[PDB]
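Participant: just need the structure, nothing else, for what follows:
(chains A, B, C and D)
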Amino acid sequence: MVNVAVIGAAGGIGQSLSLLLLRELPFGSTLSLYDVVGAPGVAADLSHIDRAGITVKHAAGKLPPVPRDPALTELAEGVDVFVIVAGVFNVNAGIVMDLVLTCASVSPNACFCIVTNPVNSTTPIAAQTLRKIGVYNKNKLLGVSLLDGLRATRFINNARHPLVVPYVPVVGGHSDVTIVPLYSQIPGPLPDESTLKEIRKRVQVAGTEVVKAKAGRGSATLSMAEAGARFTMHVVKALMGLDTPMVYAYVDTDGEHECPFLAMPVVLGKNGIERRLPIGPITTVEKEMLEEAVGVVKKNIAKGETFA
Amino acid sequence: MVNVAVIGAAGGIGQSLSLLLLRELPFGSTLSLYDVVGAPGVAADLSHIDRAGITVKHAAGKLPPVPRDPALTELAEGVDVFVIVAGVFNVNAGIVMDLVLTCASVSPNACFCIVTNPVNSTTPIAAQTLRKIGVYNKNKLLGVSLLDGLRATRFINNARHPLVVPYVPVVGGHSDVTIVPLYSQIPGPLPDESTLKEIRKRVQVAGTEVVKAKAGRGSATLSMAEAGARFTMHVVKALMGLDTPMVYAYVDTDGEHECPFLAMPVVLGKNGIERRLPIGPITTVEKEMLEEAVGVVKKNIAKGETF
Amino acid sequence: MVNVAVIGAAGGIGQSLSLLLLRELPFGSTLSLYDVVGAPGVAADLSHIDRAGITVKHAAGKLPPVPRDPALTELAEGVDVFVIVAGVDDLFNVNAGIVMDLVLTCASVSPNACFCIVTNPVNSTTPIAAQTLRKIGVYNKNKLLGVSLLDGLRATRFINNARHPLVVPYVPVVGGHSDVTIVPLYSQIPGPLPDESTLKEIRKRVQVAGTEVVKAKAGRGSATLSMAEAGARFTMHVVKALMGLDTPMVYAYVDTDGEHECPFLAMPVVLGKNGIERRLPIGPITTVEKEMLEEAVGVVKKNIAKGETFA
Amino acid sequence: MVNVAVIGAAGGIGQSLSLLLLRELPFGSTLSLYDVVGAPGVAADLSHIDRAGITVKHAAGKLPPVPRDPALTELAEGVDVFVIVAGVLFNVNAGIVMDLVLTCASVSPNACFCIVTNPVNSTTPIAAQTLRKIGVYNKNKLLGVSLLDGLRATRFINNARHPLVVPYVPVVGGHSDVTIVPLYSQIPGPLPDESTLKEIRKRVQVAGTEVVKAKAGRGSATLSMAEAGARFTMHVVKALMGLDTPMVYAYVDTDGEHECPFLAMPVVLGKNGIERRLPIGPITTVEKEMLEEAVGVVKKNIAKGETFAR
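Facilitator: Residues are numbered from 1 along each chain as shown, chains lettered A, B, ... in the order given. There you are, the coordinates:
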């Protein structure tokens, strides 16, 4: 009833994301993997785990890539969700533009989730590609940014033990400074000022901590696989009508905020985004910080939009 | 409550093992990670997932491996379950007997699980390692053999669709040909003779199939991580008195069978192996397969204990 | 999107069944409750639980009963599953008449629905429902089941009590549903079965547990908390198979075409998007179980004829 | 591991409360059912359900009740949580609550008491007086179940803000019909309006009479408090084993804080019971008038029940 495709499934992120998706997909679904190198090896590895009721499809790659690769054209028949996770800005921009053109040509009513690293710039890029073809729904393009909310939630639960909250709202952007946590809109007696400042700074520059631990080897591969798999399950469950979750995602604001591509709460549904909620009441400190984030996001959209 | 340690966690197989454990461990547990290189990087990677109730520790290795190191001893204090997944025959046998020596000197009352490649050979080596120390409980040494059950369940499920079974018994050994799937002891009308031979053969050489598709660049890693993590849930959940599961494993056989280290069903409890069950009824074809399998397993055991 | 209706929700078992169903139904499901008296209370009592995504409807019955109740006809539009648990030396007659009328009223507007029978004289009431559906003109032999999970629950509990740390998830039970017809197949389960002369006592206990419970109640009532646990599980299995989210294997008092000579035995089946899709053979049994089976079948044969003669 | 005793298990609320507790209790625990009439019928009814790892005990009552029932003295040995459910009004119900706490606390002075008897405003302080005569009284181990309001509040708001859904709604005050004050300003998302929040906040305060009206004066919400009572008990047992630290709203005793000694306020459960008492938090002007009035009514109920003990 649902078909989920992963683009770039033989990488570090794609391998772990694929394993978690297999263990949680509903009965009777189907998977689909694609990569230039390593797809056959990964495909005949998940076919041995029992997981009754799940079928795995497979499409091999090609010697150094050519535009509009023929193999991907037959893999994209009848696909409902595309998880575009491929890359290692200039090099990554071309890869995103190449893939969306091939995938959207066969299936034009599907949903897209962007997981490539500079989400601020590749999300608007994908909007231009769908405009040239002539098919574009603003309610079916989402940029995954749930990783920051996972870091904000963890950092507050370890400071107010044994008081535990499920989630924390985060708005703004998703790169380095455009992330702003709204710690005031959660139940409980917030710890103190001049300590929320240290916690708020940690969430923004938490990425550089992981790459420093690896001594410049890699990045936080395991974190985004968990964050990507959680968000992907939200879309499919809402697609079948088994949920109406309220999540935070980098979406296109139809009016609303002056910035056209802010990261604001939404309500998912059968047809995609269903409701766009206002940010809500915020304090003075979170007001000055938010106004600085919107300015930086403005340039990021334009720079990404210069390419395409 | 319960402390779980994964030795050799920065490898390709052990990285997916740790991620799966963090999402299933009970509230208030602990996770310990150790490897020679790359331990801190994995450590400050899972610490960012929220997962309230779980703490994470780690210990870093050093220059090319030396004998028993202080870093491994400090992490091993008060550890209930040890998962040994580390390696690259003689190269792996030397590594395994070193970690068990250093781990068992600080927590002799723990449960040891073996994940490394020569299962029929590394498991008796660890038992001979513990005897030399002075402490060895035959109910607290298990060799993981759940991958064969996962393969045999999938292959038989594809053939009898839409009939689904939760598990399939597998006895014998682990290497290539000692694996004997007992398809007669499952509920249902088995498809047909002269077809089960191919299915039983596919399970025997399923490992070689993955390496060929990888162009001889590696082996299965995503499938072995799932089996290793699933088995550790049974041991931990039973230790804290929340279940008593019946599993198949490559365990010691005191009395019972003639082979000193056959793989047979057991029942797990608050002290480890508490009840060993007989293999049960079999047919003629499976009896012949088990007769040849026993001969190779006996020879495999002797070679490992010699080392 | 699935519609599940519980007929007789204000009785002793209907209330617990409805409460158990409310917490397990899938998102977007709808629950209907009908009874002659007491339906509004159950309705605007269950509606105050959170249960996001589930709507609760109801239709109150009437005065001393009348045939073809107009409220039931209106409530039966757009229904997928019918869960029929409604009833009070002549206990059989009242229940048979009630079931006949209820099936006649419910199937006249939704012929493509599943019927589940939970009224106690199962062996005689299931062929009554089949014959009524035949009389109407619509009858699907893969969409008519009789719940028989209570005996399996009892057998599993007893055999797990016998063997201390060795647990099994289920136990095959074939035959019928009365006290002489239940026959557990203890040979087709893993492990070293305890001993002879200890299994006969267990089988007798499985057969007489109902009278044990009734007598323990000082002759005042019957088993209601246990009977409501089985119906909820069977209904969950049916709805999840119908929606396409599973294909499980169950034991139920279903029809058989061909196979056994007895028209309405209880054998393992596999459920699918169209109800039953594959009936399986009973399997290999030992000699002691064989002797029970031929005696079990004889009583079931005479049970079926009474129900058919009633119509 | 954990022994849970349900007092009054053969009643309308107790029977359904026991059925839900059998399906959700952790492996390795034990149930204990007691009542004056009908205990044997219920006890040998839940033992047929397999649920491997659970043992069901039983203890019959007596003739028309006598003080200090001997049968209730052996069952009280080893219990870890007591769920007082027996009931029929204030004069009759106060005698029953006073008798059972006296017998149970004399054998198991280190257990948790979860009062579910109907006059929660008046019966909770009564049990405090009973425990003081014996000489053992822990204020962190005595709680009153008032979770049926949060269930009613969440369902009513979620039916008007579709498709926006919240998991819980904070409710404080008391528990009868005027002492309930829901705090609808403390939830995420844009609140609907005014002059409609007034009708919603009022319905939560008069919902009990609506259930009785539908029954034509035959009963009350038996199924609702069974679900509410069973869900609340699971929080306490899990926090005793150390498997959770939930934050819940309950009618507890405050060691200072509010001037009213028995307000309903948020708390944090732990290994020893209540581990933290949290401030109510910011509220709006409209809800400020309701809360100030509610405290005045609550004060009478505490003193009305605390003088019956003498």
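
Participant: where does chain A come near chain C, residue by residue?
Facilitator: Residues of chain A found near chain C (CB under 8 Å from any CB of the partner chain) are A:1, A:26, A:27, A:28, A:53, A:241, A:242, A:243, A:244. To be clear about C-beta, it is placed using only N, CA and C from the backbone, and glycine gets the same treatment.

Participant: swap the cut-off to 6 Å and go again
Facilitator: A:27, A:28, A:241, A:242 (CB under 6 Å from any CB of the partner chain).

Participant: among those residues, which ones are buried?
Facilitator: A:27, A:28 (16 or more other CB atoms under 10 Å in any protein chain shown).

Participant: among the residues of chain A next to chain C, which ones are in strands?
Facilitator: Residues of the residues of chain A next to chain C located in strands (DSSP state E): none.

Participant: intersect the residues of chain A next to chain C with the contacts of chain D.
Facilitator: Okay, of these, nothing touches chain D (CB under 6 Å from any CB).

Participant: which two among the residues of chain A next to chain C are spaced furthest apart?
Facilitator: Of all pairs drawn from the residues of chain A next to chain C, the one with the longest distance (CB to CB) is A:27 and A:241, at 15.8 Å.

Participant: per the record, what domains does chain A have?
Facilitator: If you go by CATH domains of a matching chain, the domain ranges for chain A are A:1-144, A:145-308.

Participant: now do the end-to-end distance for the shortest one.
Facilitator: By that I understand domain A:1-144. 23 Å (CA to CA, to the nearest Å).

Participant: so how far is that domain from its chain's centroid?
Facilitator: 12 Å (CA atoms, centre = their mean, to the nearest Å).

Participant: is that domain in proximity to chain B?
Facilitator: Yes: using CB under 6 Å from any CB, domain A:1-144 reaches chain B at A:19, A:40, A:41, A:44, A:45, A:48, A:49, A:50, A:52.

Participant: using JSON lines, lay out the residues you listed together with secondary structure and distance to residue A:287.
Facilitator: Listed next are the residues of domain A:1-144 next to chain B as JSON lines, based on DSSP: H, G, I helix; E, B strand; the rest coil; distance: CB to CB, whole Å:
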{"residue": "A:19", "secondary structure": "helix", "distance to residue A:287": "42"}
{"residue": "A:40", "secondary structure": "helix", "distance to residue A:287": "53"}
{"residue": "A:41", "secondary structure": "helix", "distance to residue A:287": "52"}
{"residue": "A:44", "secondary structure": "helix", "distance to residue A:287": "54"}
{"residue": "A:45", "secondary structure": "helix", "distance to residue A:287": "50"}
{"residue": "A:48", "secondary structure": "coil", "distance to residue A:287": "54"}
{"residue": "A:49", "secondary structure": "coil", "distance to residue A:287": "50"}
{"residue": "A:50", "secondary structure": "coil", "distance to residue A:287": "53"}
{"residue": "A:52", "secondary structure": "coil", "distance to residue A:287": "53"}
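
Participant: would JSON lines of these with neighbour count and distance to residue A:252 be doable?
Facilitator: JSON lines is the format used below for the residues of domain A:1-144 next to chain B (neighbours: other CB atoms under 10 Å in any protein chain shown; distance: CB to CB, whole Å):
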{"residue": "A:19", "neighbour count": "23", "distance to residue A:252": "31"}
{"residue": "A:40", "neighbour count": "19", "distance to residue A:252": "37"}
{"residue": "A:41", "neighbour count": "22", "distance to residue A:252": "38"}
{"residue": "A:44", "neighbour count": "19", "distance to residue A:252": "39"}
{"residue": "A:45", "neighbour count": "23", "distance to residue A:252": "37"}
{"residue": "A:48", "neighbour count": "25", "distance to residue A:252": "41"}
{"residue": "A:49", "neighbour count": "21", "distance to residue A:252": "38"}
{"residue": "A:50", "neighbour count": "21", "distance to residue A:252": "41"}
{"residue": "A:52", "neighbour count": "17", "distance to residue A:252": "39"}
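
Participant: what's the closest of these to residue A:235?
Facilitator: Using CB to CB, residue A:19 is the member of those that sits closest to residue A:235, with 18.6 Å.

Participant: how close does that closest one sit to chain C?
Facilitator: Distance from residue A:19 to chain C, counting by CB to the nearest CB, to the nearest Å: 22 Å.

Participant: surely residue A:75 touches residue A:59?
Facilitator: Yes: in this structure residue A:75 lies within contact range of residue A:59 using CB atoms under 6 Å: 4.0 Å.

Participant: overlap in contacts of these two?
Facilitator: Residues touching both residue A:75 and residue A:59 by CB atoms under 6 Å, 6 or more residues apart in numbering or on different chains: residue A:34.

Participant: ok, residue A:308 - contacts?
Facilitator: By CB under 6 Å, 6+ apart, the neighbours of residue A:308 are A:97, A:125, A:128.

Participant: then residue A:267?
Facilitator: Taking CB under 6 Å, 6+ apart as the test, what residue A:267 contacts is A:246, A:274, A:275.

Participant: just the buried subset of these, please.
Facilitator: Applying 16+ other CB under 10 Å to the contacts of residue A:267 flags residue A:246 as buried.

Participant: quick one: which of the contacts of residue A:267 is nearest residue A:287?
Facilitator: residue A:246 (23.0 Å).

Participant: who's the closest spatial neighbour of the closest one, skipping the chain neighbours?
Facilitator: Of all residues not flanking residue A:246 in the chain, residue A:267 sits nearest, at 5.3 Å (CB to CB, 6 or more residues apart in numbering or on different chains).

Participant: surely the one you found is in a strand?
Facilitator: Yes: Residue A:267: assigned to a strand according to DSSP: H, G, I helix; E, B strand; the rest coil.

Participant: what separation is there between it and residue A:228?
Facilitator: 21 Å (CB to CB, to the nearest Å).

Participant: what about the closest residue to residue A:190 other than its chain neighbours, how many residues nearby?
Facilitator: In this structure, residue A:190 finds its nearest non-sequential neighbour in residue A:183, 6.3 Å apart by CB to CB, 6+ apart. Counted with other CB atoms under 10 Å in any protein chain shown, residues neighbouring residue A:183 total 21.
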